[PDB]
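Reading through the structure tokens given below for one structure.
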Amino acid sequence: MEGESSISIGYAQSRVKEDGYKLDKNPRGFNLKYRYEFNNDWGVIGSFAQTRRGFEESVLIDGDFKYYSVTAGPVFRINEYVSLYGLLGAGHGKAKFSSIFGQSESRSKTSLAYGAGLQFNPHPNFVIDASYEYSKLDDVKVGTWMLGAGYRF
Ligand SMILES: O=S(=O)(O)OC[C@H]1O[C@@](COS(=O)(=O)O)(O[C@H]2O[C@H](COS(=O)(=O)O)[C@@H](OS(=O)(=O)O)[C@H](OS(=O)(=O)O)[C@H]2OS(=O)(=O)O)[C@@H](OS(=O)(=O)O)[C@@H]1OS(=O)(=O)O
Ligand SMILES: CCCCCCCCOCCOCCOCCOCCO
């Protein structure tokens, strides 16, 4: 009820699109969420997420794409089993390139990130968390799904 924290860790996967094309394969990573309930009805929740996809060519070129976000928002409990939340924060996207010819360069952008999710408590001490997040970084669109689990105490 009042003063309950929930901590969860989860898998995260992004679909990254620009101008009708999708980056292959999808960046993947993790999501950590921390929630604190002020009372039986309202609380706050914070989220960090990161997904990555690396690429290499050998016999030599390499690059990687990384997205991470920090978001937060109110979380409302419906009953003992289910709570819903919305999130707002910042997303940062980065594409980094390097070769044996000397090139080492990146492109990056920070913009708003928007999210929404829910937490399910099959028992009062457990959490299953699922959320979606979206960020537009210039003309690159990053949509991220997250599915996690953890504990409530
Ligand atoms: O270039 S440095 O000698 O300052 O060392 C910085 C290392 O962090 C990286 C990580 O990026 S990654 O390889 O893509 O994972 O860059 C990150 O940190 C820098 C430095 O910022 S700081 O607060 O002065 O230290 C940011 O660069 S800048 O904004 O200062 O110009 C980066 O921001 S940006 O993405 O280029 O917009 C930041 O990247 S990120 O936000 O973590 O994605 C690497 O620096 S980098 O290759 O120049 O980007 C360094 O890590 S590494 O494993 O040595 O490559
Ligand atoms: C894992 C997310 C990678 C997001 C990189 C975004 C870079 C921010 O702005 C760059 C805009 O132009 C750079 C083009 O880089 C291509 C990245 O998108 C690939 C989708 O096909």
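Note on naming: chains are A, B, ... as they come in the structure tokens, residues start from 1 per chain, ligands start from 1 in the order shown.
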**Residues near residue 15 (chain A), cut-off 6 Å, only C-alpha atoms, skip fewer than 2 positions along chain, as a ChimeraX atom specification** = /A:26,142-143
**Message:** Taking only C-alpha atoms and all ligand atoms into account, which residues have an atom no farther than 6 Å from ligand 1? I'd like them as a ChimeraX atom specification.
**Reply:** /A:94,96,108
Counting only C-alpha atoms and all ligand atoms, which residues of chain A fall within 6 Å of ligand 2, and what is the closest atom pair for each with its distance in Å at one decimal, ordered by chain and rising number, as a tab-separated table?
```
residue	atom	partner	partner_atom_place_in_ligand_line	distance
A:16	CA	ligand 2	20 (C)	5.4
A:17	CA	ligand 2	20 (C)	4.6
A:18	CA	ligand 2	20 (C)	4.7
A:21	CA	ligand 2	21 (O)	5.2
A:22	CA	ligand 2	21 (O)	4.7
A:23	CA	ligand 2	21 (O)	4.0
A:27	CA	ligand 2	1 (C)	5.6
A:52	CA	ligand 2	1 (C)	5.5
A:65	CA	ligand 2	1 (C)	4.3
A:66	CA	ligand 2	1 (C)	4.0
A:67	CA	ligand 2	1 (C)	4.4
A:93	CA	ligand 2	4 (C)	4.1
A:94	CA	ligand 2	5 (C)	4.3
A:95	CA	ligand 2	5 (C)	4.8
A:107	CA	ligand 2	7 (C)	5.3
A:108	CA	ligand 2	8 (C)	4.2
A:109	CA	ligand 2	8 (C)	4.4
A:137	CA	ligand 2	8 (C)	5.4
A:138	CA	ligand 2	9 (O)	5.6
A:140	CA	ligand 2	18 (O)	5.7
```
Go ahead and dump the residues you just picked, N, CA, C and O atoms, as a CSV table (one decimal), in the first residue's frame.
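The result, stored in selection_3.csv:
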```
chain,number,residue,atom,x,y,z
A,16,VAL,N,13.8,0.6,-35.4
A,16,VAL,CA,14.3,1.9,-35.7
A,16,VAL,C,14.1,2.1,-37.2
A,16,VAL,O,14.5,1.3,-38.1
A,17,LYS,N,13.4,3.2,-37.5
A,17,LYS,CA,13.0,3.5,-38.9
A,17,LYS,C,13.4,4.9,-39.3
A,17,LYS,O,13.4,5.8,-38.6
A,18,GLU,N,13.8,5.0,-40.6
A,18,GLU,CA,14.1,6.3,-41.2
A,18,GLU,C,13.7,6.3,-42.6
A,18,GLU,O,14.1,5.5,-43.4
A,21,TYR,N,12.6,3.0,-44.2
A,21,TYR,CA,13.5,1.8,-44.0
A,21,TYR,C,13.7,1.5,-42.5
A,21,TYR,O,13.8,2.4,-41.7
A,22,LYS,N,13.8,0.2,-42.2
A,22,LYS,CA,14.0,-0.3,-40.9
A,22,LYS,C,15.5,-0.7,-40.8
A,22,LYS,O,16.0,-1.3,-41.7
A,23,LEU,N,16.2,-0.4,-39.7
A,23,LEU,CA,17.5,-0.9,-39.4
A,23,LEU,C,17.4,-2.4,-39.0
A,23,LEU,O,16.5,-2.8,-38.3
A,27,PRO,N,17.8,-3.4,-32.7
A,27,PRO,CA,18.5,-3.2,-31.5
A,27,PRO,C,17.8,-3.9,-30.3
A,27,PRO,O,16.6,-3.9,-30.2
A,52,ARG,N,20.8,-1.9,-28.3
A,52,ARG,CA,22.0,-1.7,-29.1
A,52,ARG,C,22.0,-2.7,-30.2
A,52,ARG,O,21.4,-3.8,-30.1
A,65,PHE,N,24.8,0.9,-33.2
A,65,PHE,CA,23.7,1.8,-33.0
A,65,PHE,C,23.3,1.6,-31.6
A,65,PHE,O,23.3,0.5,-31.1
A,66,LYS,N,23.1,2.7,-30.9
A,66,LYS,CA,22.7,2.6,-29.5
A,66,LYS,C,21.6,3.7,-29.2
A,66,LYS,O,21.6,4.8,-29.6
A,67,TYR,N,20.5,3.2,-28.5
A,67,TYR,CA,19.5,4.2,-28.0
A,67,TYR,C,19.4,4.0,-26.5
A,67,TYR,O,19.4,2.9,-26.0
A,93,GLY,N,19.8,8.9,-29.3
A,93,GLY,CA,20.2,7.9,-30.3
A,93,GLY,C,21.6,8.2,-30.9
A,93,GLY,O,21.9,9.4,-31.0
A,94,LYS,N,22.3,7.2,-31.2
A,94,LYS,CA,23.7,7.3,-31.6
A,94,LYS,C,24.0,6.2,-32.6
A,94,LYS,O,23.7,5.1,-32.4
A,95,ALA,N,24.7,6.6,-33.7
A,95,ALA,CA,25.2,5.6,-34.6
A,95,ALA,C,26.7,6.0,-34.8
A,95,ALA,O,27.0,7.1,-35.1
A,107,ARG,N,26.9,9.9,-35.5
A,107,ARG,CA,25.8,10.9,-35.6
A,107,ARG,C,24.9,10.6,-34.4
A,107,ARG,O,24.6,9.4,-34.0
A,108,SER,N,24.4,11.6,-33.7
A,108,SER,CA,23.6,11.4,-32.5
A,108,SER,C,22.5,12.5,-32.4
A,108,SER,O,22.6,13.6,-33.0
A,109,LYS,N,21.5,12.3,-31.5
A,109,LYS,CA,20.5,13.2,-31.3
A,109,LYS,C,19.8,12.9,-30.0
A,109,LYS,O,19.6,11.7,-29.7
A,137,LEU,N,13.9,11.2,-33.4
A,137,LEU,CA,15.2,11.8,-33.3
A,137,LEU,C,15.5,12.3,-34.7
A,137,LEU,O,16.0,11.6,-35.6
A,138,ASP,N,15.3,13.6,-35.0
A,138,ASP,CA,15.2,14.1,-36.3
A,138,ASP,C,14.3,13.3,-37.2
A,138,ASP,O,13.1,13.2,-36.8
A,140,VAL,N,14.7,10.0,-37.6
A,140,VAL,CA,14.7,8.6,-37.2
A,140,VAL,C,13.7,8.4,-36.1
A,140,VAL,O,13.6,9.1,-35.1
```
**Prompt:** If you measure from CA of residue 10 (chain A) to CA of residue 79 (chain A), what distance in Å do you get, rounded to one decimal?
**Reply:**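 So the two atoms, CA of residue 10 (chain A) and CA of residue 79 (chain A), lie 23.0 Å apart.
Interatomic distance, CA of residue 47 (chain A) to CA of residue 144 (chain A): 12.5 Å.
Across the model, the gap from CA of residue 87 (chain A) to CA of residue 106 (chain A) is 28.2 Å.
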**Distance query region 70-78 of chain A at most 12 Å, only C-alpha atoms, self and fewer than 6 positions along chain excluded, as an NGL selection string** = :A and (1-2 or 4 or 6 or 31-50 or 84-92 or 110-121 or 131-135)
**residue 97 (chain A) surroundings by only C-alpha atoms, 12 Å radius, close-in-sequence under 3 positions cut, as an MDAnalysis selection string** = chainID A and resid 54:57 60:66 94 100:108
**Asked** DSSP says strand (DSSP E or B) for which residues of region 32-119 of chain A? Put them as a count of residues only?
**Response** 73
**Asked** With only C-alpha atoms as the atoms that count, which of A:128, A:82, A:59, A:12 lies nearest to residue 145 (chain A)?
**Response** A:12
**Item:** Minimum-distance residue to residue 124 (chain A), chosen among A:139, A:80, A:147, A:20 (using only C-alpha atoms)
**Value:**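 Closest to residue 124 (chain A), using only C-alpha atoms: A:80.
Residues in contact range of residue 126 (chain A), defined as at most 9 Å between only C-alpha atoms, with sequence neighbours fewer than 3 positions away removed, read residues 6, 120, 121, 122, 123, 149, 150, 151, 152 and 153 of chain A.
The nearest approach to residue 148 (chain A) among the residues A:130, A:83, A:53, A:19, with only C-alpha atoms taken into account, belongs to A:130.
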